[PDB]
Each structure stands twice: as structure tokens, then as C-alpha cells.
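Single chain ahead, by itself, as C-alpha cells, in the form deposited in one PDB entry.
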């Protein structure tokens, strides 16, 4: 069979610094991701033969490495196209951070599958480490004492997980993955448990997600970043999870003001050699194939929507129809709102973030007049102005993980339009409630 390389991401507070380490093969830094060829994974999971059967039927594994929630930029309905499984990192020493708690809620709302990497086991007192060893092997070789510290901290964390509504189990004791998330103890410092983690990701993707890895005729590529690069203008960073992209390809994209159609001018990956980075930070490719994180340079990318997908226009294909098709997600979001009624104006970083926020605002019966994506401008604030006479209360903008232009802020202040901006939804809610209540007293 020709199976796709599965794609995963890490939700962490560096663990991936340890996984990406190789000792004198073929692990490559890509754009916004790191790719692990299957042979490298074999080498790194060699010690797992002691405990498990091994399966190597995929070309490799792609790890989305950016620091945010970029793996959830698209609609949840296309989630698996962007990321097959998440790794929720939890500190064994000081337990759950708040960021961890949010990540748990986000994962539940996205309905995304994940495992837990229970990191920092080295910090257990008198931990005697065996570099890059499997967990069970190093653990059996610890003192009874060390084994007991592990059990204590582990149980504390299981409690803290149960408090976020999660039941949890060590991965080799999970017989009910539908009920229990698997826990893999790791050390970013020593590398211990990393073989276990690789084996487990391989296992879950190849065994319980075989259909997701099945060969696909058509391209699957999702926009994660829209970034200016001097010499290229506005570029886009994408995850190509299926198919091929070629220099010169006619592509259509979802944009803030409608569909964009353009032609690929360059396909770019990072330049690994220091000396060559003096000449260019990138390697140009005539053609690339999944699974990879790649930067695309093309004209007219300025209004591109993060989380949107790419369609390649074939000689046979109708461009106008495809242009309509690409919009479907954003348009579906637009249909969820009544532009006529009284309501707030909403603006979000990505299709996924916009969807998560809209779902929330509907859950709270909070009406929304207008919808938007990306950085906030004065023209965007102006949308809420109409609200002021009809309702003082709804003349507000609810913004998620976006930037507000100074001009927009001054305009809002001078107009008495409230701008609430946060990177966690409940912050927005609390601010809005507070505002309404203030208006009441």
C-alpha cells in the first residue's frame, strides 16, 4: 500500500528539541514542521522491541512544531487533514499549568484525538538515567524509592486530569482508549520514553486511523500562516498532507474578501547549511509532495485566510466553480449570523478560532451582527458603529488572537466602541458581561 505519513502536533509550555535529536538519520526541519523518515523512527524505537511488536508501514511522520494552536486553524470537520493526533505535554513535577487546562478544553471541543506526554521524570530525586531508553526498562532499573516518587506524582497528575474531566492511564495499560487517554512518561532531558512515544503515535495512526492514511487522489493542503518575506512579498505557510504541489500550479484559496486565484511562483523549505543561508534562507523546489510543511510564494496572497485549504486547478477543472468551492467553509460561517439583527462584531485569527468563538457565543445566546478574520482595522471597527444608536450594549468588537491597528483603537475610543481582545475565549466573555453590567449600574 501507499499510506500517507501521519501528522501530529505538540501542545507544550523543550520536548521536541529532544525528539528531533540524532546521533551519528534524515530528520529535516521544514516550514513550521519537522519530518521524521521511517528509518529514523526505526532507529529511535529499536529499544521498544523489548516490549512490543513493531509496525513500519508509513513513509514517516510529520510533527507540526509551531508554538500555538496552528494545528486547529481549519474547521474541526477537516481537523484530521491538518493533524491526526495531538501530544499534550504535562509537567510531572508541578502538574497542570493553565495553558494545559485550556488545551484540554480545546481538544475536547475540537474532538481531536491525543495522548499525554508526562514529561520531566528526570527531576524525580535520584533518578538514574539511561539515555534514550524505553520507559519500562529505565523504570524497572530505578530504586524502589524512585518508583514510589513516580507513583505519587503520577497519581497527583491523574487526579488533576480527573478534575478536568479526564480519566487517564499509562499507555501500555490502556484497554479502553475510548475512555482513557494514554499516558507516556518522557524526559526531554534524557530522551527516555521518547521511543515509547514514537511507537505509540505510529501504533495509533497505523492501526486505528488506517482510513485517514489511505492514498488520496487529490491534494490536501491547509494554510497555517500568512507572512511577509522580503523578496517574496506576502507568502503563505502550509501543511501539505496529501498530494503534490508544483511550481506554476494554478491554485485557488479562500480570502477575506472572496476567493483568490493565483499561480505558485515558488515552493520553499529551510536551508540547512549555514554557508548557503548566506545566499538564501530557503531551498526552492520545482515540485513537492506530502507530507511536508512548505512555504508558497505567489502573487495576490495578501488577503489569504489562515486555516483555509488549497485547490489546484486542473486543465479539466472549472476555475469559477473551484473558486466557489474554496469559500464554502467561510461562507457557512457567514450563514450562521444575521447581519440584520442587533449584535456584536466578531473577528478571529483563523477559521478554526472563528468557529470556536462563534460556537461559544451561540451557546450563550449572544447575538452577532458581523464576522471577520485577521488584524483589526478602522474599517472593521466602523462595522460596530451602526450598533451604537440601536444598542449601546452591542456596539462592541469581540476579537480572538488578532492585532488591533492603533488607528482602530483611537477610532473606537473616540466613538465609544468597546474592543475586547484575548487569546482565550472566557476572557472575552467575562469582559463582555462586565461591560453589560456596568451599563446596567
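Residues that one form lacks are left out of the comparison. Between two forms, the rigid core is the largest collection of C-alphas that superpose within 1.5 Å. Numbering follows the first chain given and starts at 1.
Peer 1: Which class fits the unmodelled deposited stretch between residue 24 and residue 25: none, 1 to 3, 4 to 9, or 10 or more?
Peer 2: According to the record, 4 to 9 deposited residues lack coordinates from residue 24 to residue 25.
Peer 1: Our gap detector needs a label for residue 13 to residue 14. Which class matches the unmodelled residues of the deposited sequence there: none, 1 to 3, 4 to 9, or 10 or more?
Peer 2: Missing in between: 4 to 9 residues.
Peer 1: Could you check which stretch, 300 to 308 or 87 to 95, carries the larger mean CA temperature factor in the entry?
Peer 2: 87 to 95 has the higher mean C-alpha B-factor.
Peer 1: Could you check which stretch, 209 to 217 or 273 to 281, carries the larger mean CA temperature factor in the entry?
Peer 2: It is 209 to 217 that shows the higher mean C-alpha B-factor.
Peer 1: Name the one of 353, 133, 178, 234 with the greatest CA B-factor according to the PDB entry.
Peer 2: Result of the comparison over 353, 133, 178, 234: 178.
Peer 1: Could you check 331, 340, 242, 222 and tell me which one carries the biggest Cα B-factor in the deposited entry?
Peer 2: The listed residue with the largest C-alpha B-factor is 340.
Peer 1: Ranked by Cα temperature factor within the chain, is residue 174 in the lowest third, the middle third or the highest third?
Peer 2: Answer is highest: the recorded C-alpha B-factor places it there.
Peer 1: Among all modelled residues of this chain, ranked by Cα B factor, put residue 258 in the bottom, middle or top third, i.e. lowest, middle or highest.
Peer 2: For residue 258, whose C-alpha B-factor we compare with every modelled residue in the chain, the answer is the middle third.
Peer 1: Sort the modelled residues of this chain by their C-alpha B factor and say whether residue 385 lands in the lowest, middle or highest third.
Peer 2: As the PDB entry reports it, the C-alpha B-factor of residue 385 lands in the highest third of its chain.
Peer 1: Mind checking which third residue 392 falls in for C-alpha B-factor across the chain?
Peer 2: According to the entry, residue 392 has a C-alpha B-factor in the chain's highest third.
Peer 1: State the tercile, meaning the lowest, middle or highest third, of residue 54 with respect to the CA B-factors recorded for its chain.
Peer 2: For residue 54, the deposited C-alpha B-factor lands in the middle third.
One more form of this protein exists, namely the form deposited in another entry; it is left out here, but the text below deals with it.
Peer 1: Pull up the moving segments between this form and the one not shown: at least three consecutive residues, every CA shifted by 2 Å or more, rigid core held fixed.
Peer 2: Shifted segment: only 423 to 441.
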